[PDB]
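Q: Encoded as structure tokens, here's the structure I'll be asking about.
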Amino acid sequence: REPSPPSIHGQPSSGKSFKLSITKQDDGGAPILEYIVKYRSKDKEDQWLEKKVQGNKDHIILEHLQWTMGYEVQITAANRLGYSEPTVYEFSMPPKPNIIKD
């Protein structure tokens with residue numbers, strides 16, 4: 001197993017959605033077929049949503065992210081091993097934009 005520290009870059013795509021780029025981390029030792037992403041609300045710690053991605057996607061766009069609520073994101077790359085180089089990313093959302101630019 002050869003993983004490493006986080007590897008997620010969040011950015012304000014469009015609206016409240018955030019682009020969390022999955023940066024190809026050191027694979028456990030086998031090519032990843034799909035990425036299992038699970039995220040939840042920081043306020044609520046009793047549920048975990050699911051989001052699957054293609055090992056070639058290397059990115060995901062999440063929608064419906066209120067400006068007054070944060071949510072944790074957990075990336076898990078699934079290779080022949082099953083799961084490796086997981087990324088536990090966490091970040092709250094900023095207040096409603098006043099410049100509606102970024």
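Ligands are numbered from 1 in the order shown, chains are lettered A, B, ... in the order of the structure tokens, and residues start at 1 in each chain.
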Could you write out, as a ChimeraX atom specification, all the residues of chain A that DSSP marks as strand (DSSP E)?

A: /A:8-9,18-22,34-41,49-54,60-62,71-78,84-91

Q: Do a neighbour search on range 95-100 of chain A at 10 Å with only C-alpha atoms, toss out local chain neighbours closer than 6 positions, and write the hits as a list in words.

A: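 Answer for this query is residues 14, 15, 16, 66, 67, 68 and 69 of chain A.
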
Q: Could you check the closest approach to residue 71 in chain A for each of A:34, A:58, A:50, A:45 and tell me which residue wins, using only C-alpha atoms?

A: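 Looking only at the distances to residue 71 in chain A, the closest residue turns out to be A:45.
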
Q: How close does range 51-86 of chain A get to range 26-32 of chain A? List, as a tab-separated table, each residue of range 51-86 of chain A within 9 Å, its nearest atom pair and the distance in Å to one decimal, counting only C-alpha atoms.

A:
residue	atom	partner	partner_atom	distance
A:54	CA	A:32	CA	8.5
A:55	CA	A:32	CA	5.4
A:56	CA	A:32	CA	8.5
A:77	CA	A:32	CA	6.1
A:78	CA	A:32	CA	5.3
A:79	CA	A:32	CA	4.1
A:80	CA	A:30	CA	5.9
A:81	CA	A:30	CA	7.2
A:82	CA	A:32	CA	8.7
A:83	CA	A:28	CA	8.0
A:84	CA	A:28	CA	5.3
A:85	CA	A:27	CA	6.2

Q: Quick one: residues within 9 Å of residue 86 in chain A, only C-alpha atoms, excluding same-chain residues fewer than 6 positions away - as a list in words?

A: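 Near neighbours after the sequence-gap exclusion: residues 3, 4, 5, 6, 25, 74, 75, 76 and 77 of chain A.
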
Q: Of the residues A:17, A:87, A:11, A:47, which is the one nearest to residue 35 in chain A, using only C-alpha atoms?

A: A:87

Q: Which residue is closest to residue 91 in chain A? Choose from A:37, A:57, A:9, A:52 and count only C-alpha atoms.

A: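 Smallest distance to residue 91 in chain A is found for A:9.
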
Q: If I take CA of residue 21 in chain A and CA of residue 7 in chain A, how far is one from the other in Å, to one decimal?

A: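 CA of residue 7 in chain A lies 8.0 Å from CA of residue 21 in chain A.
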